[PDB]
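**Student:** Supplied in structure tokens, the structure appears directly below.
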Protein chains: 2
Amino acid sequence: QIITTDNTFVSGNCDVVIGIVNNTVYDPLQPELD
Amino acid sequence: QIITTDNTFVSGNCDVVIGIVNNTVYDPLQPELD
Ligand SMILES: *[C@@H]1O[C@H](CO)[C@@H](O)[C@H](O)[C@H]1NC(C)=O
Ligand SMILES: *[C@@H]1O[C@H](CO)[C@@H](O)[C@H](O)[C@H]1NC(C)=O
Ligand SMILES: *[C@@H]1O[C@H](CO)[C@@H](O)[C@H](O)[C@H]1NC(C)=O
Ligand SMILES: *[C@@H]1O[C@H](CO)[C@@H](O)[C@H](O)[C@H]1NC(C)=O
């Protein structure tokens, strides 16, 4: 599945996790902000 | 963590639960209403 704000959760900034990768996390809400 | 509508679910009106407390529940939709 696509990485989204629904199938994931945040905790803290990117500095502490020993292996971490840059990728987009999609948000389904803001594409219809109006 | 901040008590949002994503951390929680609703059921009844407040009168039935013994020991319930009054507090705000945050909604992360509210800033996105452009
Ligand atoms: C994983 O292994 C490779 C090859 O030994 C190494 O270059 C890399 O730094 C390791 N990654 C982590 C997160 O330690
Ligand atoms: C990940 O993204 C941040 C912010 O652009 C950048 O500082 C960092 O160097 C990037 N790391 C890699 C491996 O792309
Ligand atoms: C908890 O105990 C105190 C002391 O007896 C009492 O005043 C209070 O009403 C009780 N709270 C609940 C939620 O029953
Ligand atoms: C809780 O909030 C309601 C609505 O403002 C109020 O009627 C009730 O008296 C409050 N109870 C307490 C214990 O603050």
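Each chain in the structure tokens gets a letter, A, B and so on, in the order shown; residues start at 1 in every chain, and ligands are counted from 1 in the order they appear.
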Superimpose chain B on chain A so that the squared distances between all in-order C-alpha pairs are minimised, and send the result as a PDB file with N, CA and C atoms, in the first residue's frame.
**Tutor:**
ATOM      1  N   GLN B   1       0.698  -0.901  -0.271  1.00  0.00           N
ATOM      2  CA  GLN B   1      -0.141   0.290  -0.281  1.00  0.00           C
ATOM      3  C   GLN B   1       0.689   1.559  -0.159  1.00  0.00           C
ATOM      4  N   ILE B   2       0.131   2.676  -0.617  1.00  0.00           N
ATOM      5  CA  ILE B   2       0.775   3.989  -0.574  1.00  0.00           C
ATOM      6  C   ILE B   2       0.950   4.394   0.886  1.00  0.00           C
ATOM      7  N   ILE B   3       2.115   4.922   1.246  1.00  0.00           N
ATOM      8  CA  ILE B   3       2.392   5.335   2.618  1.00  0.00           C
ATOM      9  C   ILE B   3       1.685   6.658   2.885  1.00  0.00           C
ATOM     10  N   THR B   4       0.509   6.602   3.493  1.00  0.00           N
ATOM     11  CA  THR B   4      -0.217   7.790   3.931  1.00  0.00           C
ATOM     12  C   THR B   4      -0.097   8.009   5.429  1.00  0.00           C
ATOM     13  N   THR B   5      -0.460   9.205   5.865  1.00  0.00           N
ATOM     14  CA  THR B   5      -0.637   9.543   7.277  1.00  0.00           C
ATOM     15  C   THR B   5      -1.690   8.678   7.999  1.00  0.00           C
ATOM     16  N   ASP B   6      -2.565   7.957   7.292  1.00  0.00           N
ATOM     17  CA  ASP B   6      -3.473   6.984   7.917  1.00  0.00           C
ATOM     18  C   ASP B   6      -2.835   5.612   8.152  1.00  0.00           C
ATOM     19  N   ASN B   7      -1.812   5.218   7.391  1.00  0.00           N
ATOM     20  CA  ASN B   7      -1.114   3.952   7.624  1.00  0.00           C
ATOM     21  C   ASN B   7      -0.058   4.057   8.727  1.00  0.00           C
ATOM     22  N   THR B   8       0.249   5.258   9.201  1.00  0.00           N
ATOM     23  CA  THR B   8       1.467   5.551   9.960  1.00  0.00           C
ATOM     24  C   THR B   8       1.179   6.403  11.183  1.00  0.00           C
ATOM     25  N   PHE B   9       2.127   6.481  12.104  1.00  0.00           N
ATOM     26  CA  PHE B   9       2.122   7.451  13.192  1.00  0.00           C
ATOM     27  C   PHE B   9       3.508   8.063  13.329  1.00  0.00           C
ATOM     28  N   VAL B  10       3.597   9.288  13.835  1.00  0.00           N
ATOM     29  CA  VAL B  10       4.873   9.969  14.084  1.00  0.00           C
ATOM     30  C   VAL B  10       5.352   9.795  15.515  1.00  0.00           C
ATOM     31  N   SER B  11       6.659   9.908  15.731  1.00  0.00           N
ATOM     32  CA  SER B  11       7.217  10.121  17.067  1.00  0.00           C
ATOM     33  C   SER B  11       8.279  11.221  17.063  1.00  0.00           C
ATOM     34  N   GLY B  12       9.566  10.892  17.123  1.00  0.00           N
ATOM     35  CA  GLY B  12      10.619  11.896  17.243  1.00  0.00           C
ATOM     36  C   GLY B  12      10.949  12.622  15.944  1.00  0.00           C
ATOM     37  N   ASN B  13      11.944  13.492  16.020  1.00  0.00           N
ATOM     38  CA  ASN B  13      12.709  13.931  14.861  1.00  0.00           C
ATOM     39  C   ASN B  13      13.503  12.765  14.250  1.00  0.00           C
ATOM     40  N   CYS B  14      13.914  12.884  12.993  1.00  0.00           N
ATOM     41  CA  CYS B  14      14.549  11.786  12.265  1.00  0.00           C
ATOM     42  C   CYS B  14      15.926  11.347  12.795  1.00  0.00           C
ATOM     43  N   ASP B  15      16.610  12.138  13.617  1.00  0.00           N
ATOM     44  CA  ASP B  15      18.012  11.881  13.978  1.00  0.00           C
ATOM     45  C   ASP B  15      18.247  10.667  14.893  1.00  0.00           C
ATOM     46  N   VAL B  16      17.245  10.227  15.657  1.00  0.00           N
ATOM     47  CA  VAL B  16      17.424   9.181  16.679  1.00  0.00           C
ATOM     48  C   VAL B  16      17.369   7.751  16.129  1.00  0.00           C
ATOM     49  N   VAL B  17      16.553   7.478  15.109  1.00  0.00           N
ATOM     50  CA  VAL B  17      16.331   6.123  14.580  1.00  0.00           C
ATOM     51  C   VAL B  17      17.485   5.664  13.692  1.00  0.00           C
ATOM     52  N   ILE B  18      18.084   4.520  14.007  1.00  0.00           N
ATOM     53  CA  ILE B  18      19.122   3.897  13.180  1.00  0.00           C
ATOM     54  C   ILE B  18      18.477   3.314  11.921  1.00  0.00           C
ATOM     55  N   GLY B  19      18.972   3.653  10.732  1.00  0.00           N
ATOM     56  CA  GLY B  19      18.499   3.072   9.469  1.00  0.00           C
ATOM     57  C   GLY B  19      17.212   3.666   8.884  1.00  0.00           C
ATOM     58  N   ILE B  20      16.723   4.794   9.397  1.00  0.00           N
ATOM     59  CA  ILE B  20      15.606   5.551   8.812  1.00  0.00           C
ATOM     60  C   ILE B  20      15.901   5.966   7.363  1.00  0.00           C
ATOM     61  N   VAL B  21      14.882   6.078   6.505  1.00  0.00           N
ATOM     62  CA  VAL B  21      15.046   6.506   5.100  1.00  0.00           C
ATOM     63  C   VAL B  21      14.163   7.694   4.753  1.00  0.00           C
ATOM     64  N   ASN B  22      14.626   8.567   3.863  1.00  0.00           N
ATOM     65  CA  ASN B  22      13.871   9.728   3.402  1.00  0.00           C
ATOM     66  C   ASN B  22      12.847   9.313   2.342  1.00  0.00           C
ATOM     67  N   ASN B  23      11.562   9.561   2.578  1.00  0.00           N
ATOM     68  CA  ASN B  23      10.531   9.386   1.558  1.00  0.00           C
ATOM     69  C   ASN B  23       9.309  10.262   1.849  1.00  0.00           C
ATOM     70  N   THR B  24       8.478  10.528   0.848  1.00  0.00           N
ATOM     71  CA  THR B  24       7.244  11.296   1.042  1.00  0.00           C
ATOM     72  C   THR B  24       6.191  10.491   1.801  1.00  0.00           C
ATOM     73  N   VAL B  25       5.431  11.138   2.686  1.00  0.00           N
ATOM     74  CA  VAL B  25       4.211  10.568   3.276  1.00  0.00           C
ATOM     75  C   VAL B  25       3.010  11.347   2.764  1.00  0.00           C
ATOM     76  N   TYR B  26       2.085  10.664   2.103  1.00  0.00           N
ATOM     77  CA  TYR B  26       0.920  11.298   1.497  1.00  0.00           C
ATOM     78  C   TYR B  26      -0.140  11.686   2.532  1.00  0.00           C
ATOM     79  N   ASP B  27      -0.850  12.786   2.297  1.00  0.00           N
ATOM     80  CA  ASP B  27      -1.949  13.240   3.144  1.00  0.00           C
ATOM     81  C   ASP B  27      -3.270  13.332   2.356  1.00  0.00           C
ATOM     82  N   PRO B  28      -4.268  12.474   2.631  1.00  0.00           N
ATOM     83  CA  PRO B  28      -5.537  12.478   1.915  1.00  0.00           C
ATOM     84  C   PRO B  28      -6.431  13.683   2.232  1.00  0.00           C
ATOM     85  N   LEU B  29      -6.085  14.548   3.194  1.00  0.00           N
ATOM     86  CA  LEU B  29      -6.774  15.830   3.356  1.00  0.00           C
ATOM     87  C   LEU B  29      -6.514  16.762   2.169  1.00  0.00           C
ATOM     88  N   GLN B  30      -5.310  16.733   1.592  1.00  0.00           N
ATOM     89  CA  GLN B  30      -4.836  17.820   0.734  1.00  0.00           C
ATOM     90  C   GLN B  30      -5.730  18.118  -0.491  1.00  0.00           C
ATOM     91  N   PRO B  31      -6.279  17.120  -1.216  1.00  0.00           N
ATOM     92  CA  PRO B  31      -7.209  17.373  -2.321  1.00  0.00           C
ATOM     93  C   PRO B  31      -8.578  17.921  -1.887  1.00  0.00           C
ATOM     94  N   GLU B  32      -8.965  17.744  -0.624  1.00  0.00           N
ATOM     95  CA  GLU B  32     -10.284  18.119  -0.101  1.00  0.00           C
ATOM     96  C   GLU B  32     -10.357  19.573   0.395  1.00  0.00           C
ATOM     97  N   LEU B  33      -9.255  20.326   0.325  1.00  0.00           N
ATOM     98  CA  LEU B  33      -9.155  21.728   0.749  1.00  0.00           C
ATOM     99  C   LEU B  33      -9.820  22.718  -0.238  1.00  0.00           C
ATOM    100  N   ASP B  34     -11.089  22.487  -0.575  1.00  0.00           N
ATOM    101  CA  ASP B  34     -11.939  23.439  -1.293  1.00  0.00           C
ATOM    102  C   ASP B  34     -12.387  24.567  -0.357  1.00  0.00           C
TER     103      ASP B  34
END
